[PDB]
Amino acid sequence: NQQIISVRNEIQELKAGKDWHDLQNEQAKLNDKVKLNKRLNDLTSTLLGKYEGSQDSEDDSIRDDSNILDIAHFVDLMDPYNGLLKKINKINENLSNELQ
Amino acid sequence: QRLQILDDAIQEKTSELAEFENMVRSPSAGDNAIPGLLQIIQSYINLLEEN
Amino acid sequence: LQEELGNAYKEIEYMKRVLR
Amino acid sequence: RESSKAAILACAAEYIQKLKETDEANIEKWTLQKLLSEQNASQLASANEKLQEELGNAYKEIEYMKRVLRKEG
Amino acid sequence: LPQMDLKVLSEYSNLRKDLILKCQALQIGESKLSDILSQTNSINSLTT
Amino acid sequence: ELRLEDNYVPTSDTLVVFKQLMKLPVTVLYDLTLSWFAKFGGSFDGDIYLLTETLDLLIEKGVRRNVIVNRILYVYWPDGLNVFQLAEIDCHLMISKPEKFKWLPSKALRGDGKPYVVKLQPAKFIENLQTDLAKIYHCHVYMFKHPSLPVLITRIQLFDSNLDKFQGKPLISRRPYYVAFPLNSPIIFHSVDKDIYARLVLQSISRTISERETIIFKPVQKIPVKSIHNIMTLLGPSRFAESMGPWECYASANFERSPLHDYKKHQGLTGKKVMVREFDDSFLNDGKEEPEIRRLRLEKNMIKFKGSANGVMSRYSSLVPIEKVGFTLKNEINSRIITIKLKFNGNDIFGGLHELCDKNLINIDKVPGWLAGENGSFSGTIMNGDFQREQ
Amino acid sequence: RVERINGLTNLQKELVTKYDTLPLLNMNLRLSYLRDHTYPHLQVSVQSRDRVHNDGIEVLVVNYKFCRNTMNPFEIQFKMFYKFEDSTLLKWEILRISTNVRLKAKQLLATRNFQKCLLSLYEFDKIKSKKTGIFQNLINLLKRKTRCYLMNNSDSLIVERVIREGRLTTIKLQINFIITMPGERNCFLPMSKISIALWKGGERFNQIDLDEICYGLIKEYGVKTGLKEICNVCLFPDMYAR
Amino acid sequence: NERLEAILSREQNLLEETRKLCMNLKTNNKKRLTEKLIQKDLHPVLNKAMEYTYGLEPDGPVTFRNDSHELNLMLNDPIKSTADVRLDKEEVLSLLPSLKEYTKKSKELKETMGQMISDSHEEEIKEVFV
Amino acid sequence: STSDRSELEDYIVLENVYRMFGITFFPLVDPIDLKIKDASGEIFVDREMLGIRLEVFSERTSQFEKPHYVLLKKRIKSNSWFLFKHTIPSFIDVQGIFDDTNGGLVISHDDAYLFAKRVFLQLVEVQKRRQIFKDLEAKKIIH
């Protein structure tokens, strides 16, 4: 029974240890750096050619954020408060105050 | 079923966006007059700033 | 040298666009 | 900070072993850093040579389109 | 999920791959729905 | 099958149980008897309402608790008390007398090293703990919530094996091991025991809490402290943790009010009355001093040792009495490490030091933070002016 | 010696008579902290703290002028109704918003709990200033080597560079720093998103692995250095084609 | 006693397996650092990440962990996959039929917004006003 | 006087306006760290302290909750703040948040404000969650 308790305590101390978490984090870091370096090499190859693979294609909008950019620009354009027309009206009042 | 309710929420959002799209579609062809007025105003403003 | 190469490529674009 | 004699001796042994591992790891880290610095220097020299010959080709293109434009007027 | 008669193993691998596709579609749908919710937020702000 | 259910009867000495129920008042005995007969029943014959009426006749007869103790130990359950009864009476003794129990705190560290805020699903936790400890020993575990504190106190009881000793067919009990679970706090309070069974119980608790990522309990203190309310004030998930002694004003927030409040009653407008403290060494040089400035220096000592001018309310009694603290102050006087080991003992260390400061035996202008009750009940080494606790 | 200290007490006189852990009552020092350290570049102003003492209600009007962008700072003006004892905010209303922040603040201020509104406005001002600083740094780094110009109302930076490989095809990179104010939905703070988009001669790259690369470089190098390395990767293949 | 013998045997087998896994992970991480990304195939913009990560151990992930709270930043998070099973866009588009509907709806909305902006002539009056 | 009373009065009102934000810095001196320079008797603080307060606004009661105070003292040998005392309960890992801020050591007031905001977001989270559940109870939707 004492041996069982001791080996289970060893399990708890080793699985929740600091070095084991260090090794797991280091494995995650190596995987991330390997994948990032491979993708960077593929990107600079495709951006300069001789790739031998796709890679340079965009036809399905599985993830796109040009539309939200366009929405923000359109909203900023015809804002009833600042907008474009109200800036022109502010220019009109400034010119009227300067002249008359 | 989680993806089903996710797609239902997405479809409701697309219905809202399509409601807004019919709300903004105004046919017009008056850009030429605005461009001509802007060009004339820019030329006159450059002439005024040159003095 | 990158600045010089960019200026040289801009000059190439100038002589290309002024050409026929 | 430890209190008992046995705890002090055990922590001293652990610290001596940790310092030994730190020294070996620092030696390996310095060798890897020297390898990285050598790679960076050689690569930057290669990029300098490449863009230098590219600039030479670009200036040859300047002269070629210059004499072409002088031929045209 | 780990990966490995022959028909049971092939069915398990196919089901695991299908669940991986379910997870991928779930994260993509969640991120997309957040983006659409931000767009609808801006659109309703302008409309109001 | 080795797990112990709530209907097994163990061999317990009748006299020990007799003197154990003597300490309980009559009303908790009444509530226990009705709850026990509603759940499990007894050898006494009668309806639940009939037994309620019988206990009613007992309580408007004004009978002493000794008679009802003899009744519930001799006619209601003459064969022996069930394990649920033996656990629930001892938990009720814990509720009635909290000062008779000492607790040891242990943080629930996990993984990288960030503390794990332990959350319990109580019925599932009890089931999983009993199934885990059933593989090793004959275990019965009972869990209840404190009527006053926001904790979840468990009680783990372990049973062992068994001139000619004739025959008993027994299952001898040991002293129970208590582990207190606060609601949302990494700190775990457990009973003071260092045998292999306490280590087994804590190990099984750490294995059965986790279920997602391995959790180790690291003890944050080796000196036990009494009175579970005090250890929740010290190590529990309260504001008074990490703000003790001279900094209890921040933990109680009696000095500032909301910014939405009357600005005529602000501290900066009304002001506070203080005294010029002499930075020159004049304490060692020095009778019938003025009773207004004497009140001010008493208030100064009160502020230094309890944080508040009026205190958190004889008057020397701190918010939490501390039994043992030991500080190891280290300085560097011309490239020499000079260590001073101050050890303390008593019923309330900082209250006694406050009393000594009131008697002009300790300079209140030179008594440091750690001596004044800051980071209380923690013993450690003061290096470079920073207190780091021991392990 | 017994001394009375108030909000106008000298700092040295306060340190003479300091034996408690309470904060310093030197109110000039307190406001110096509040103005210079916790909330810099914010010109707060209170101009009317009149009261209706029959109801015991204090009427406060304050002006918050977020002057981090000194060229065109945006200012707001609140009106609070105190309870002056048993302190409850019965009603708060927005008296005036500057027109250049009026839409984002109009979406934000529609919800209650004005503490979140003030913190979100200050955080949005700080994040917008950080965006302008980062974009100005990248513009100054790439002004002469490439072509830098802002569009989408200074929310996207376009960097263009012609490359050797063909008949001088151009490579343009769009980097985004859109800032979102929480109006419909997961907390009250103004959020910020960074995404990149690369074109070579008019052909868009795959956004999935390009966003993987953007995530990796920003995760590794931070935001300023990360965006610098994104620009170096996506604009100069010749420097890295060894 | 036999039951506890079996329990101890299982626990010792688990301990040996866990220690072997830890040593294998340590040697595998060392070999992966030595044989995969330190070679000439390393991209030159990762030369500075390697320097603080392994060369001499600041400006790296600490800077991003500061910036993600300073700016309240998000990025486009990676799609979590395992065992090199890359994402199948056709499968997830067949799994969410409303994504293509949003594709065409956003294309129509962007076309309407673009023609509205072109009619507005904001860019022409923006440059001549500065 | 009465003009100095007026200026202190406005100062108190302005301090309340600043504390309406929620995250404020207040000056603090540890009485132990008071020493004299002995040139003429100038009492200077030895180790500079910095205390922050976190006043979360409870919209359900329309009240300010009681403040949580975090006090940072300067290290003697490194010139960087460290988590001296705090009045925040243990389910919010303020030590982990402080160690996560700028990768350990913090120097400028920007890093201190970042740590303050990071823990004030947790306070907002718990207060908002409790507010939603208490409003669910108040509307008699749940028992």
# chains A, B, ... in the order shown; residues from 1 in each chain; ligands from 1
$ closest_atom_pairs --of "chain G" --to "chain I" --cutoff "6 Å" --atoms "only C-alpha atoms" --output "tab-separated table"
residue	atom	partner	partner_atom	distance
G:19	CA	I:31	CA	5.3
G:23	CA	I:28	CA	4.8
G:24	CA	I:27	CA	5.8
G:38	CA	I:25	CA	5.8
G:88	CA	I:63	CA	5.2
G:89	CA	I:62	CA	5.5
G:113	CA	I:59	CA	5.9
G:115	CA	I:21	CA	5.7
$ write_last_selection --atoms "C-alpha atoms" --output "tab-separated table (two decimals), in the first residue's frame"
chain	number	residue	atom	x	y	z
G	19	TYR	CA	2.42	56.98	10.34
G	23	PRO	CA	-3.07	57.41	0.65
G	24	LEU	CA	-1.57	60.89	0.68
G	38	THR	CA	-3.21	57.05	-15.09
G	88	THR	CA	-27.24	56.01	-6.66
G	89	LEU	CA	-26.93	57.29	-10.23
G	113	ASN	CA	-23.30	51.70	-17.55
G	115	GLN	CA	-18.25	53.77	-16.77
$ residues_around --residues "segment 216-226 of chain F" --least-positions-apart "5" --cutoff "9 Å" --atoms "only C-alpha atoms" --output "PyMOL selection string"
(chain A and resi 9+12-13+16-17) or (chain F and resi 98-111+187-188+191-192+202-203+206-207+231+321-325+377-379+389-391)
$ residues_around --residues "residue 59 of chain D" --least-positions-apart "2" --cutoff "12 Å" --atoms "only C-alpha atoms" --output "ChimeraX atom specification"
/C:4-12 /D:52-57,61-66
$ interface_residues --of "chain G" --to "chain E" --cutoff "7 Å" --atoms "only C-alpha atoms" --output "list in words"
residues 107, 183 and 184 of chain G
$ write_last_selection --atoms "C-alpha atoms" --output "compact mmCIF listing (two decimals), in the first residue's frame"
# COMPACT_ATOMS: atom_id res chain seq x y z
CA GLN G 107 -23.53 53.00 -31.15
CA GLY G 183 -22.60 47.76 -30.03
CA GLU G 184 -24.40 44.46 -30.71
$ atom_distance --atom1 "atom CA of residue 112 of chain H" --atom2 "atom CA of residue 21 of chain B"
7.7 Å
$ decode --residues "segment 92-114 of chain H" --atoms "N, CA, C and O atoms" --output "mmCIF file, in the first residue's frame"
data_model
loop_
_atom_site.group_PDB
_atom_site.id
_atom_site.type_symbol
_atom_site.label_atom_id
_atom_site.label_comp_id
_atom_site.auth_asym_id
_atom_site.auth_seq_id
_atom_site.Cartn_x
_atom_site.Cartn_y
_atom_site.Cartn_z
ATOM 1 N N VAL H 92 -16.488 21.827 -45.954
ATOM 2 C CA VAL H 92 -17.109 22.704 -44.965
ATOM 3 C C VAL H 92 -18.105 23.650 -45.628
ATOM 4 O O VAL H 92 -19.046 24.128 -44.981
ATOM 5 N N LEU H 93 -17.927 23.937 -46.920
ATOM 6 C CA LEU H 93 -18.936 24.712 -47.639
ATOM 7 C C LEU H 93 -20.176 23.871 -47.921
ATOM 8 O O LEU H 93 -21.301 24.381 -47.901
ATOM 9 N N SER H 94 -19.990 22.577 -48.187
ATOM 10 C CA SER H 94 -21.127 21.667 -48.247
ATOM 11 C C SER H 94 -21.744 21.425 -46.877
ATOM 12 O O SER H 94 -22.912 21.030 -46.801
ATOM 13 N N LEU H 95 -20.987 21.647 -45.805
ATOM 14 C CA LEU H 95 -21.482 21.480 -44.447
ATOM 15 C C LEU H 95 -22.187 22.720 -43.915
ATOM 16 O O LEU H 95 -22.997 22.608 -42.988
ATOM 17 N N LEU H 96 -21.896 23.897 -44.475
ATOM 18 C CA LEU H 96 -22.600 25.142 -44.170
ATOM 19 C C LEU H 96 -23.113 25.711 -45.485
ATOM 20 O O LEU H 96 -22.396 26.457 -46.170
ATOM 21 N N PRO H 97 -24.342 25.369 -45.886
ATOM 22 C CA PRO H 97 -24.854 25.845 -47.183
ATOM 23 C C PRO H 97 -25.057 27.349 -47.258
ATOM 24 O O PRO H 97 -25.140 27.897 -48.364
ATOM 25 N N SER H 98 -25.141 28.037 -46.118
ATOM 26 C CA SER H 98 -25.420 29.467 -46.137
ATOM 27 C C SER H 98 -24.172 30.308 -46.366
ATOM 28 O O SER H 98 -24.283 31.534 -46.481
ATOM 29 N N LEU H 99 -22.990 29.691 -46.425
ATOM 30 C CA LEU H 99 -21.771 30.458 -46.663
ATOM 31 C C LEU H 99 -21.697 30.952 -48.103
ATOM 32 O O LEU H 99 -21.254 32.079 -48.356
ATOM 33 N N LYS H 100 -22.115 30.122 -49.061
ATOM 34 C CA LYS H 100 -22.141 30.552 -50.456
ATOM 35 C C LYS H 100 -23.215 31.609 -50.682
ATOM 36 O O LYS H 100 -23.048 32.516 -51.513
ATOM 37 N N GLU H 101 -24.330 31.498 -49.954
ATOM 38 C CA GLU H 101 -25.364 32.524 -50.007
ATOM 39 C C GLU H 101 -24.828 33.862 -49.523
ATOM 40 O O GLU H 101 -25.109 34.904 -50.127
ATOM 41 N N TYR H 102 -24.027 33.853 -48.453
ATOM 42 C CA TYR H 102 -23.397 35.094 -48.021
ATOM 43 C C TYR H 102 -22.357 35.560 -49.026
ATOM 44 O O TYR H 102 -22.148 36.766 -49.177
ATOM 45 N N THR H 103 -21.690 34.631 -49.714
ATOM 46 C CA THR H 103 -20.720 35.028 -50.728
ATOM 47 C C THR H 103 -21.392 35.831 -51.836
ATOM 48 O O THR H 103 -20.960 36.945 -52.162
ATOM 49 N N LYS H 104 -22.507 35.319 -52.368
ATOM 50 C CA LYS H 104 -23.194 36.056 -53.427
ATOM 51 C C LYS H 104 -23.884 37.316 -52.899
ATOM 52 O O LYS H 104 -23.897 38.342 -53.594
ATOM 53 N N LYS H 105 -24.421 37.282 -51.672
ATOM 54 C CA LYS H 105 -25.075 38.465 -51.117
ATOM 55 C C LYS H 105 -24.074 39.582 -50.852
ATOM 56 O O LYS H 105 -24.348 40.751 -51.145
ATOM 57 N N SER H 106 -22.901 39.239 -50.317
ATOM 58 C CA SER H 106 -21.868 40.236 -50.083
ATOM 59 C C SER H 106 -21.266 40.730 -51.387
ATOM 60 O O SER H 106 -20.869 41.894 -51.468
ATOM 61 N N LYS H 107 -21.201 39.881 -52.418
ATOM 62 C CA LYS H 107 -20.759 40.355 -53.727
ATOM 63 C C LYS H 107 -21.731 41.384 -54.298
ATOM 64 O O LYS H 107 -21.312 42.429 -54.811
ATOM 65 N N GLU H 108 -23.037 41.113 -54.193
ATOM 66 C CA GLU H 108 -24.039 42.069 -54.667
ATOM 67 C C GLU H 108 -23.990 43.368 -53.867
ATOM 68 O O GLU H 108 -24.059 44.470 -54.434
ATOM 69 N N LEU H 109 -23.867 43.253 -52.542
ATOM 70 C CA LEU H 109 -23.830 44.432 -51.684
ATOM 71 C C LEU H 109 -22.574 45.259 -51.935
ATOM 72 O O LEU H 109 -22.631 46.493 -51.965
ATOM 73 N N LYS H 110 -21.436 44.592 -52.144
ATOM 74 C CA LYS H 110 -20.196 45.294 -52.447
ATOM 75 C C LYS H 110 -20.258 45.961 -53.813
ATOM 76 O O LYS H 110 -19.702 47.046 -53.997
ATOM 77 N N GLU H 111 -20.927 45.330 -54.783
ATOM 78 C CA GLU H 111 -21.090 45.954 -56.094
ATOM 79 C C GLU H 111 -21.945 47.214 -56.006
ATOM 80 O O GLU H 111 -21.615 48.248 -56.605
ATOM 81 N N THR H 112 -23.047 47.145 -55.250
ATOM 82 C CA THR H 112 -23.904 48.315 -55.066
ATOM 83 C C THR H 112 -23.162 49.433 -54.339
ATOM 84 O O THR H 112 -23.241 50.607 -54.726
ATOM 85 N N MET H 113 -22.418 49.078 -53.292
ATOM 86 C CA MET H 113 -21.648 50.070 -52.550
ATOM 87 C C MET H 113 -20.540 50.674 -53.404
ATOM 88 O O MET H 113 -20.271 51.875 -53.321
ATOM 89 N N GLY H 114 -19.896 49.858 -54.241
ATOM 90 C CA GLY H 114 -18.848 50.367 -55.106
ATOM 91 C C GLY H 114 -19.364 51.318 -56.167
ATOM 92 O O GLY H 114 -18.738 52.348 -56.439
#
